[PDB]
Amino acid sequence: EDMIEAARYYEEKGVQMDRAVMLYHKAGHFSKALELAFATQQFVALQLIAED
């Protein structure tokens, strides 16, 4: 439950929002992370989300 709010805070800042995507992926809530990874063009994040 924690890194969900951590990623929300990072997106609120919007500077480390890639790290917010990383945290969202770590939370298992790939539905929120996949859209952001596609938008940011992070194929590493996309592959990590798809495998996990």
# chains A, B, ... in the order shown; residues from 1 in each chain; ligands from 1
>>> residues_around(residues="segment 16-28 of chain A", least_positions_apart="2", cutoff="8 Å", atoms="only C-alpha atoms", output="ChimeraX atom specification")
/A:1,3-4,6-11,13-14,30,32-33,36-37,40,45,48-49,52
>>> select_by_dssp(residues="chain A", states="helix (DSSP H, G or I)", output="NGL selection string")
:A and (2-13 or 17-26 or 30-40 or 43-51)
>>> decode(residues="chain A", atoms="C-alpha atoms", output="JSON list (two decimals), in the first residue's frame")
[["chain", "number", "residue", "atom", "x", "y", "z"],
["A", 1, "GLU", "CA", 0.00, 0.00, 0.00],
["A", 2, "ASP", "CA", 2.95, 2.34, 0.58],
["A", 3, "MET", "CA", 4.69, 2.78, -2.76],
["A", 4, "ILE", "CA", 1.28, 3.43, -4.34],
["A", 5, "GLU", "CA", 1.12, 6.68, -2.36],
["A", 6, "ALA", "CA", 4.86, 7.18, -2.90],
["A", 7, "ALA", "CA", 4.37, 7.07, -6.68],
["A", 8, "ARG", "CA", 1.34, 9.34, -6.32],
["A", 9, "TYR", "CA", 3.54, 11.85, -4.47],
["A", 10, "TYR", "CA", 6.27, 11.59, -7.11],
["A", 11, "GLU", "CA", 3.72, 12.22, -9.87],
["A", 12, "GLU", "CA", 2.45, 15.18, -7.83],
["A", 13, "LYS", "CA", 5.98, 16.56, -8.02],
["A", 14, "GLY", "CA", 6.33, 15.20, -11.56],
["A", 15, "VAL", "CA", 10.15, 15.39, -11.60],
["A", 16, "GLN", "CA", 10.92, 11.84, -10.46],
["A", 17, "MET", "CA", 7.74, 10.47, -12.05],
["A", 18, "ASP", "CA", 9.84, 7.81, -13.78],
["A", 19, "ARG", "CA", 10.70, 6.60, -10.28],
["A", 20, "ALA", "CA", 6.96, 6.81, -9.59],
["A", 21, "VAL", "CA", 6.48, 4.42, -12.52],
["A", 22, "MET", "CA", 9.14, 2.15, -11.02],
["A", 23, "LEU", "CA", 7.32, 2.17, -7.67],
["A", 24, "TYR", "CA", 3.97, 1.49, -9.37],
["A", 25, "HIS", "CA", 5.55, -1.51, -11.06],
["A", 26, "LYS", "CA", 6.94, -2.64, -7.69],
["A", 27, "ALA", "CA", 3.40, -2.43, -6.27],
["A", 28, "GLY", "CA", 2.05, -4.99, -8.75],
["A", 29, "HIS", "CA", -0.52, -2.45, -10.01],
["A", 30, "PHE", "CA", 0.67, -2.74, -13.59],
["A", 31, "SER", "CA", -2.51, -1.14, -14.97],
["A", 32, "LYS", "CA", -1.38, 2.27, -13.69],
["A", 33, "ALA", "CA", 2.30, 1.73, -14.51],
["A", 34, "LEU", "CA", 1.92, 0.49, -18.10],
["A", 35, "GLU", "CA", 0.27, 3.67, -19.41],
["A", 36, "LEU", "CA", 2.93, 5.89, -17.81],
["A", 37, "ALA", "CA", 5.75, 3.67, -19.09],
["A", 38, "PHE", "CA", 4.31, 3.84, -22.61],
["A", 39, "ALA", "CA", 3.96, 7.62, -22.36],
["A", 40, "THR", "CA", 7.51, 8.12, -21.08],
["A", 41, "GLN", "CA", 9.01, 5.77, -23.72],
["A", 42, "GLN", "CA", 10.78, 3.48, -21.25],
["A", 43, "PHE", "CA", 11.12, 0.11, -22.97],
["A", 44, "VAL", "CA", 13.03, -1.19, -19.94],
["A", 45, "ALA", "CA", 10.03, -0.31, -17.77],
["A", 46, "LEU", "CA", 7.69, -1.84, -20.35],
["A", 47, "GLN", "CA", 9.61, -5.13, -20.39],
["A", 48, "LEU", "CA", 9.82, -5.22, -16.59],
["A", 49, "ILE", "CA", 6.07, -4.63, -16.30],
["A", 50, "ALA", "CA", 5.28, -7.27, -18.94],
["A", 51, "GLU", "CA", 7.48, -9.92, -17.33],
["A", 52, "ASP", "CA", 6.21, -9.10, -13.83]]
